[PDB]
Protein chains: 2
Amino acid sequence: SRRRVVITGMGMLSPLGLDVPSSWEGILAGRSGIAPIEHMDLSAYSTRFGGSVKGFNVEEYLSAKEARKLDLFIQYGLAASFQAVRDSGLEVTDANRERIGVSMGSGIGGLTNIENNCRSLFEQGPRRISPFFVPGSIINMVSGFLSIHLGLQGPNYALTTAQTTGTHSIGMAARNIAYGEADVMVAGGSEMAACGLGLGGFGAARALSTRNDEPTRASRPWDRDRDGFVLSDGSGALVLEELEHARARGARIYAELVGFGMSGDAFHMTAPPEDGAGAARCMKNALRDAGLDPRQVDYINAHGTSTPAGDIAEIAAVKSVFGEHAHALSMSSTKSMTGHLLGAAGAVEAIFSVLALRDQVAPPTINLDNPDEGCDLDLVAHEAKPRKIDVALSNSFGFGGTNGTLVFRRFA
Amino acid sequence: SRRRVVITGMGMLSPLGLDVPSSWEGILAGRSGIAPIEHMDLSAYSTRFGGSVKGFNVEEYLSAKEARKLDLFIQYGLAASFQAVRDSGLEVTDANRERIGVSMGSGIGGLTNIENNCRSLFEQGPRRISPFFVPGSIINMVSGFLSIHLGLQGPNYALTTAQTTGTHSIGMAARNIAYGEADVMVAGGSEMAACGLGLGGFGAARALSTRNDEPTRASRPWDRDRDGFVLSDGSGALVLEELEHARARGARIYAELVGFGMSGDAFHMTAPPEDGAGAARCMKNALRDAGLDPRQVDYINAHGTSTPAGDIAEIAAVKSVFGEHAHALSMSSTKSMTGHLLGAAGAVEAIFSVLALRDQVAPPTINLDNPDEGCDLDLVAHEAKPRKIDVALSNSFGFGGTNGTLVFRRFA
Ligand SMILES: O=C(c1ccco1)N1CCN(C(=O)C2CC2)CC1
Ligand SMILES: O=C(c1ccco1)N1CCN(C(=O)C2CC2)CC1
């Protein structure tokens, strides 16, 4: 019968910092992690900025020997995973290694490595492709390498649900624990899509902000002058743990994971429906799963990508689900500061939702100078808002019409 | 408690055929689908052959214009999915569409599209990258496009666990039904990795057979002259359905899905342990999940990839799990005929396991001319073996040490 799931450890790389506390400091200060990209020449591209991880030192985590085999998205996912395991205080033993698994996902995986190898193939032939090309680029190798390095023998898998990946990974990993398939899961996502193919591909779709001359102002969820999402890199990982398992070892518990929803829009390959119908179905599934009155929701970490259609769909969904209570809750987009970490967005936003519960503060939506038509909720414009938060919801929506919602609440 | 899950529809593209019955006729005749790869200059490559899908006509499923947006692996996954839904006779309505979801996966997704868009980017710059590059290449777009086309609003996700994908996809979809999160799921996997990048990438790891002179003899699981796997393309999809839901509409039930195991080896990025400890844990987990004694197993569809270490690991795991019963079951590798469909392997092999139950016949391991040291089980060498089969297992092992086992039983 269904067990309770709590969060005992968190880990992160983001455009705002190389761990959770540094990133969260940035979030509560309204700081932008968006800047012109330095790691390649984008003069031919329509978008030349994004949210890069700054000063990542893989030698805090991995031998130079292992690191050279791995795409940046795998390095970032292992960094966040290792942080989360250390933060949890969990000791892996022969007694518990079969009950600890991992589900770290990605939207696009090792696109930098794949591009570099494609260049080698075309210019120099197949004998110049790296022997590590497949295992060093494939999405499941965060799960795989973490399992090998820590000796985790529980369920081992990876999701890829585009911009919903991190939210789905955490929710499904919680179900594994709830249903008795594991006692502990490391779950989240990682992404590093800032190669020519990534910036070029989203650029070809005209999906990205082109505010090159003012990158920190580009991500402006619900602002009338928004012109698309900002591409960002990084990782989030949580240690999810069965409640009695955590209590038995005297774990520090950040919060309880009480609800998870999924739904499909069944609408369009890339566009969310204007009325947010699929997002509303997803949130209602999540709130029913948590056994909650919708009026218990205090804070929503929105998907809030800074696209014209997505941002207004989310207002329409939140009004549909919460009715008059839509005017009492606080909803913000931390993507205003971090940009869109794609498959890692739901993982870092789950962590920000847990810290909102820990610190009783709604992070701001920076850049919200002129809320658009109908964007008249408490969107925490400009500055962090201390407030009572017992229940926090984190939403994600992705290509293929795929929706996820996590519901967290305070634990005492 | 848990609801029962049955298989009511199946769909496939394989190197043996453009549907399930043609593919299965090839399997029971011991036919090879392996041949030199056409319309591609593989002179510079150490492997020049594989399992291609022959004569696929996407316009039976999609308009030319919608097909142009999608990588071949997505086309293949949608073909199998549409076949499976047609075969099930399910009618989607407003009363059930929130209870019908999708989990179609892939191991390495849209290599062909990545190759072609790299070519554009390198020769012409980023403004010639297709607008459809991202949504037409990402792994979750089989689930996405299928849900849009059929109006499915249930759980919508995608796994990517390398060579384990199709097995994990089916098993997790069965959990969604068992635990009441859906009444129907379409689940399975698809793969098209015969580009330069797939053959080049696996070739750089020296993982592939190089038997260019006799491609039909290349895939020879447990044979002493095996020299690595054969890369193949295609897709498998099953309609999974709650038992009372299937009985109520008079569905034709192929078999029951009674068990699912996962485990991580935590051993090595690409190599399984010689003793098959991880595969043994996974099979024991799946039999425990089914409430079955090892003695009740009649037929195993091995992973049986034709690699030196993988094939012998599986013999060790089967001896370990089954003890005095290990010689009484039959175990075969249909990869001897189909080659290795990577993330689609577990999907087509689940279908072959279900048909072994329907037809009371173990498919052959072709090319097993000289069994290797210790390969002394009943590996169904050369020719199909009619026999009693009440319980059939299908095993998958992949990069990262990820394992999956499905347990099927006859239904009456
Ligand atoms: O949790 C870990 C960790 C686990 C295994 C190896 O490192 N760390 C150390 C590395 N960190 C930093 O460098 C902080 C940014 C300053 C973050 C905390
Ligand atoms: O989803 C994507 C993608 C990148 C750009 C557009 O879509 N990728 C591709 C490459 N993949 C792989 O597994 C690597 C090849 C080995 C799967 C994930």
# chains A, B, ... in the order shown; residues from 1 in each chain; ligands from 1
$ residues_around --residues "residue 50 in chain B" --least-positions-apart "4" --cutoff "10 Å" --atoms "only C-alpha atoms" --output "list in words"
residues 15, 33, 34, 35, 36, 37, 38, 194, 199, 208, 209, 212, 215, 216, 218, 219, 229, 230, 231, 232, 233, 338, 339, 340 and 341 of chain B
$ interface_residues --of "chain B" --to "chain A" --cutoff "7 Å" --atoms "only C-alpha atoms" --output "ChimeraX atom specification"
/B:44-45,108,115,118,126-127,129-135,138-141,144-145,147-148,151-162,197,200-201,204-205,262-269,399-402
$ write_last_selection --atoms "C-alpha atoms" --output "CSV table (one decimal), in the first residue's frame"
chain,number,residue,atom,x,y,z
B,44,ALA,CA,35.5,3.8,-45.0
B,45,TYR,CA,33.5,1.9,-42.3
B,108,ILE,CA,19.5,7.1,-29.5
B,115,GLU,CA,23.4,14.2,-39.5
B,118,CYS,CA,24.7,19.1,-39.1
B,126,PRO,CA,22.5,27.9,-38.8
B,127,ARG,CA,19.8,29.7,-41.0
B,129,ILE,CA,18.7,24.2,-40.1
B,130,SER,CA,15.1,22.9,-40.4
B,131,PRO,CA,12.5,24.7,-38.3
B,132,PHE,CA,11.3,21.1,-37.4
B,133,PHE,CA,14.8,20.0,-36.3
B,134,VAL,CA,14.0,19.9,-32.6
B,135,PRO,CA,10.4,18.7,-32.4
B,138,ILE,CA,13.3,14.5,-30.0
B,139,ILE,CA,12.5,11.0,-28.6
B,140,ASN,CA,9.2,11.9,-26.9
B,141,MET,CA,7.6,12.9,-30.3
B,144,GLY,CA,3.5,13.3,-28.7
B,145,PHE,CA,2.4,12.8,-32.3
B,147,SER,CA,-1.5,11.4,-28.6
B,148,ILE,CA,-2.3,14.4,-31.0
B,151,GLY,CA,-6.8,12.4,-29.0
B,152,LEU,CA,-5.1,10.5,-26.1
B,153,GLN,CA,-5.0,12.6,-22.9
B,154,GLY,CA,-3.6,9.9,-20.4
B,155,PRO,CA,0.0,9.7,-19.2
B,156,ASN,CA,2.3,10.8,-22.1
B,157,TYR,CA,6.0,10.1,-21.7
B,158,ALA,CA,9.1,8.5,-23.2
B,159,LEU,CA,11.9,6.3,-21.8
B,160,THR,CA,15.5,6.3,-23.1
B,161,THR,CA,17.4,3.5,-21.5
B,162,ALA,CA,19.6,2.5,-24.4
B,197,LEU,CA,26.8,8.2,-36.9
B,200,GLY,CA,30.5,4.9,-37.1
B,201,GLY,CA,29.8,5.4,-33.3
B,204,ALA,CA,34.6,3.3,-33.0
B,205,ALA,CA,33.8,1.2,-29.8
B,262,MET,CA,14.4,-3.6,-13.2
B,263,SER,CA,17.8,-3.6,-11.6
B,264,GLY,CA,21.1,-1.8,-12.2
B,265,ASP,CA,24.3,-3.8,-12.5
B,266,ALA,CA,26.3,-0.8,-11.1
B,267,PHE,CA,29.2,-2.6,-12.9
B,268,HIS,CA,30.5,-0.9,-16.1
B,269,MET,CA,29.4,1.8,-18.7
B,399,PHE,CA,24.6,0.6,-21.4
B,400,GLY,CA,24.8,1.9,-17.9
B,401,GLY,CA,24.2,-1.6,-16.5
B,402,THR,CA,20.4,-1.1,-17.0
$ residues_near_ligand --ligand "ligand 1" --cutoff "6 Å" --atoms "only C-alpha atoms and all ligand atoms" --output "number ranges by chain"
A: 18-19, 60-61, 82-83, 86
$ residues_around --residues "residue 352 in chain B" --least-positions-apart "5" --cutoff "9 Å" --atoms "only C-alpha atoms" --output "list in words"
residues 20, 24, 27, 301, 334, 347, 357, 363 and 394 of chain B
$ write_last_selection --atoms "N, CA and C atoms" --output "compact mmCIF listing (two decimals), in the first residue's frame"
# COMPACT_ATOMS: atom_id res chain seq x y z
N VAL B 20 3.49 -7.37 -37.87
CA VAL B 20 3.75 -8.46 -36.90
C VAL B 20 3.71 -9.80 -37.64
N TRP B 24 6.87 -12.33 -37.83
CA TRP B 24 6.80 -13.61 -37.08
C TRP B 24 6.94 -14.81 -38.00
N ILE B 27 10.55 -15.17 -38.41
CA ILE B 27 11.16 -15.67 -37.15
C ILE B 27 11.03 -17.20 -37.11
N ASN B 301 13.08 -15.24 -24.05
CA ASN B 301 13.62 -14.51 -25.20
C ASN B 301 14.77 -13.68 -24.64
N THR B 334 16.25 -14.08 -30.80
CA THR B 334 15.72 -13.68 -32.11
C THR B 334 16.60 -12.61 -32.75
N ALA B 347 10.89 -4.13 -27.42
CA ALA B 347 9.50 -4.00 -27.86
C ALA B 347 9.20 -5.16 -28.84
N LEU B 357 3.85 -17.68 -26.86
CA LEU B 357 2.74 -18.17 -26.01
C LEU B 357 1.54 -18.52 -26.90
N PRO B 363 11.02 -19.74 -30.86
CA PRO B 363 11.74 -19.34 -32.05
C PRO B 363 13.19 -19.78 -31.94
N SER B 394 11.07 -12.05 -21.21
CA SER B 394 11.85 -11.32 -22.23
C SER B 394 12.81 -10.40 -21.47
$ atom_distance --atom1 "CA of residue 84 in chain A" --atom2 "CA of residue 182 in chain A"
17.2 Å
$ closest_residue --among "B:81, B:96, B:113, B:306" --to "ligand 2" --atoms "only C-alpha atoms and all ligand atoms"
B:113
$ atom_distance --atom1 "CA of residue 173 in chain A" --atom2 "CA of residue 186 in chain A"
7.7 Å
$ residues_around --residues "residue 79 in chain B" --least-positions-apart "5" --cutoff "9 Å" --atoms "only C-alpha atoms" --output "PyMOL selection string"
chain B and resi 11-13+58+60-61+74+84+235-237
$ residues_around --residues "residue 298 in chain B" --least-positions-apart "3" --cutoff "12 Å" --atoms "only C-alpha atoms" --output "ChimeraX atom specification"
/B:292-295,301,322,325-332,353,356-357,360-362,378,386-394,407-410
$ write_last_selection --atoms "C-alpha atoms" --output "PDB file, in the first residue's frame"
ATOM      1  CA  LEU B 292       5.971 -17.183  -9.846  1.00  0.00           C
ATOM      2  CA  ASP B 293       8.634 -19.794  -8.935  1.00  0.00           C
ATOM      3  CA  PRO B 294      11.610 -20.001 -11.366  1.00  0.00           C
ATOM      4  CA  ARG B 295      10.363 -23.601 -12.169  1.00  0.00           C
ATOM      5  CA  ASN B 301      13.618 -14.508 -25.200  1.00  0.00           C
ATOM      6  CA  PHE B 322      16.742 -21.398 -12.493  1.00  0.00           C
ATOM      7  CA  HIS B 325      15.237 -26.088 -14.179  1.00  0.00           C
ATOM      8  CA  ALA B 326      17.752 -24.119 -16.329  1.00  0.00           C
ATOM      9  CA  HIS B 327      17.970 -26.984 -18.945  1.00  0.00           C
ATOM     10  CA  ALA B 328      14.166 -27.602 -19.066  1.00  0.00           C
ATOM     11  CA  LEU B 329      13.196 -24.099 -20.248  1.00  0.00           C
ATOM     12  CA  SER B 330      14.095 -23.042 -23.806  1.00  0.00           C
ATOM     13  CA  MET B 331      15.986 -19.773 -24.325  1.00  0.00           C
ATOM     14  CA  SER B 332      16.553 -18.223 -27.751  1.00  0.00           C
ATOM     15  CA  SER B 353       7.417 -13.635 -26.491  1.00  0.00           C
ATOM     16  CA  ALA B 356       5.575 -17.836 -28.592  1.00  0.00           C
ATOM     17  CA  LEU B 357       2.735 -18.170 -26.010  1.00  0.00           C
ATOM     18  CA  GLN B 360       3.266 -22.767 -28.401  1.00  0.00           C
ATOM     19  CA  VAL B 361       6.655 -22.562 -30.204  1.00  0.00           C
ATOM     20  CA  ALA B 362      10.175 -21.399 -29.238  1.00  0.00           C
ATOM     21  CA  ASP B 378      18.518 -25.473 -24.727  1.00  0.00           C
ATOM     22  CA  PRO B 386       7.116 -26.469 -30.788  1.00  0.00           C
ATOM     23  CA  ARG B 387       6.679 -26.988 -27.007  1.00  0.00           C
ATOM     24  CA  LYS B 388       4.510 -26.211 -24.000  1.00  0.00           C
ATOM     25  CA  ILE B 389       4.884 -22.500 -23.014  1.00  0.00           C
ATOM     26  CA  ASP B 390       2.677 -21.176 -20.174  1.00  0.00           C
ATOM     27  CA  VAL B 391       5.189 -18.519 -18.959  1.00  0.00           C
ATOM     28  CA  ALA B 392       7.631 -16.551 -21.205  1.00  0.00           C
ATOM     29  CA  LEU B 393      10.279 -14.036 -20.075  1.00  0.00           C
ATOM     30  CA  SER B 394      11.846 -11.317 -22.229  1.00  0.00           C
ATOM     31  CA  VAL B 407       7.043 -11.941 -17.592  1.00  0.00           C
ATOM     32  CA  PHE B 408       4.078 -12.941 -19.823  1.00  0.00           C
ATOM     33  CA  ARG B 409       1.640 -15.778 -19.128  1.00  0.00           C
ATOM     34  CA  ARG B 410      -1.026 -17.508 -21.241  1.00  0.00           C
TER      35      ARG B 410
END
$ select_by_dssp --residues "range 85-160 of chain B" --states "alpha helix (DSSP H)" --output "count of residues only"
28
$ closest_residue --among "A:275, A:25, A:71, A:183" --to "ligand 2" --atoms "only C-alpha atoms and all ligand atoms"
A:71
$ select_by_dssp --residues "range 6-38 of chain A" --states "strand (DSSP E)" --output "PyMOL selection string"
chain A and resi 6-13+35-36
$ decode --residues "range 252-308 of chain A" --atoms "C-alpha atoms" --output "PDB file, in the first residue's frame"
ATOM      1  CA  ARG A 252      16.863  15.949   7.676  1.00  0.00           C
ATOM      2  CA  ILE A 253      13.576  16.244   5.685  1.00  0.00           C
ATOM      3  CA  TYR A 254      13.165  19.392   3.555  1.00  0.00           C
ATOM      4  CA  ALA A 255       9.517  18.726   2.567  1.00  0.00           C
ATOM      5  CA  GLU A 256       7.058  16.005   1.552  1.00  0.00           C
ATOM      6  CA  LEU A 257       6.213  15.161  -2.118  1.00  0.00           C
ATOM      7  CA  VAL A 258       2.403  14.702  -1.830  1.00  0.00           C
ATOM      8  CA  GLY A 259       1.145  14.857  -5.436  1.00  0.00           C
ATOM      9  CA  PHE A 260       2.070  14.183  -9.035  1.00  0.00           C
ATOM     10  CA  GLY A 261      -0.005  14.798 -12.148  1.00  0.00           C
ATOM     11  CA  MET A 262       0.529  14.074 -15.806  1.00  0.00           C
ATOM     12  CA  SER A 263      -1.675  14.756 -18.820  1.00  0.00           C
ATOM     13  CA  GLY A 264      -1.360  15.147 -22.599  1.00  0.00           C
ATOM     14  CA  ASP A 265      -2.814  18.197 -24.395  1.00  0.00           C
ATOM     15  CA  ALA A 266      -3.336  16.096 -27.573  1.00  0.00           C
ATOM     16  CA  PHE A 267      -3.362  19.525 -29.330  1.00  0.00           C
ATOM     17  CA  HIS A 268      -0.129  20.438 -31.223  1.00  0.00           C
ATOM     18  CA  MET A 269       3.515  19.218 -31.630  1.00  0.00           C
ATOM     19  CA  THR A 270       4.948  22.492 -30.078  1.00  0.00           C
ATOM     20  CA  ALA A 271       2.121  24.981 -29.264  1.00  0.00           C
ATOM     21  CA  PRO A 272       0.169  24.807 -25.987  1.00  0.00           C
ATOM     22  CA  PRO A 273      -3.619  25.343 -26.374  1.00  0.00           C
ATOM     23  CA  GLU A 274      -4.587  29.035 -25.560  1.00  0.00           C
ATOM     24  CA  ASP A 275      -7.035  27.925 -22.766  1.00  0.00           C
ATOM     25  CA  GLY A 276      -4.394  25.788 -20.945  1.00  0.00           C
ATOM     26  CA  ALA A 277      -6.868  22.832 -20.868  1.00  0.00           C
ATOM     27  CA  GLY A 278      -4.139  20.103 -20.670  1.00  0.00           C
ATOM     28  CA  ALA A 279      -2.205  22.025 -17.939  1.00  0.00           C
ATOM     29  CA  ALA A 280      -5.469  22.373 -15.964  1.00  0.00           C
ATOM     30  CA  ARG A 281      -6.188  18.612 -16.296  1.00  0.00           C
ATOM     31  CA  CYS A 282      -2.623  17.927 -15.095  1.00  0.00           C
ATOM     32  CA  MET A 283      -2.867  20.228 -12.001  1.00  0.00           C
ATOM     33  CA  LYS A 284      -6.281  18.766 -11.083  1.00  0.00           C
ATOM     34  CA  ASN A 285      -4.820  15.197 -11.301  1.00  0.00           C
ATOM     35  CA  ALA A 286      -1.906  16.367  -9.038  1.00  0.00           C
ATOM     36  CA  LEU A 287      -4.172  18.048  -6.416  1.00  0.00           C
ATOM     37  CA  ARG A 288      -6.492  14.989  -6.303  1.00  0.00           C
ATOM     38  CA  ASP A 289      -3.404  12.748  -5.944  1.00  0.00           C
ATOM     39  CA  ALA A 290      -2.302  14.907  -2.942  1.00  0.00           C
ATOM     40  CA  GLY A 291      -5.826  14.732  -1.375  1.00  0.00           C
ATOM     41  CA  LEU A 292      -5.935  18.588  -1.262  1.00  0.00           C
ATOM     42  CA  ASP A 293      -8.508  21.352  -1.431  1.00  0.00           C
ATOM     43  CA  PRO A 294      -7.162  23.585  -4.272  1.00  0.00           C
ATOM     44  CA  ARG A 295      -7.442  26.516  -1.775  1.00  0.00           C
ATOM     45  CA  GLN A 296      -4.501  24.903   0.175  1.00  0.00           C
ATOM     46  CA  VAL A 297      -2.128  25.937  -2.689  1.00  0.00           C
ATOM     47  CA  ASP A 298      -0.027  28.962  -1.566  1.00  0.00           C
ATOM     48  CA  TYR A 299       2.744  29.123  -4.223  1.00  0.00           C
ATOM     49  CA  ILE A 300       3.060  27.986  -7.851  1.00  0.00           C
ATOM     50  CA  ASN A 301       6.462  27.839  -9.577  1.00  0.00           C
ATOM     51  CA  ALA A 302       5.099  28.296 -13.097  1.00  0.00           C
ATOM     52  CA  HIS A 303       6.594  26.848 -16.261  1.00  0.00           C
ATOM     53  CA  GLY A 304       6.570  30.561 -17.331  1.00  0.00           C
ATOM     54  CA  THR A 305       8.866  30.236 -20.390  1.00  0.00           C
ATOM     55  CA  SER A 306       8.415  33.865 -21.773  1.00  0.00           C
ATOM     56  CA  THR A 307       6.624  32.641 -24.933  1.00  0.00           C
ATOM     57  CA  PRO A 308       3.507  34.572 -26.026  1.00  0.00           C
TER      58      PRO A 308
END
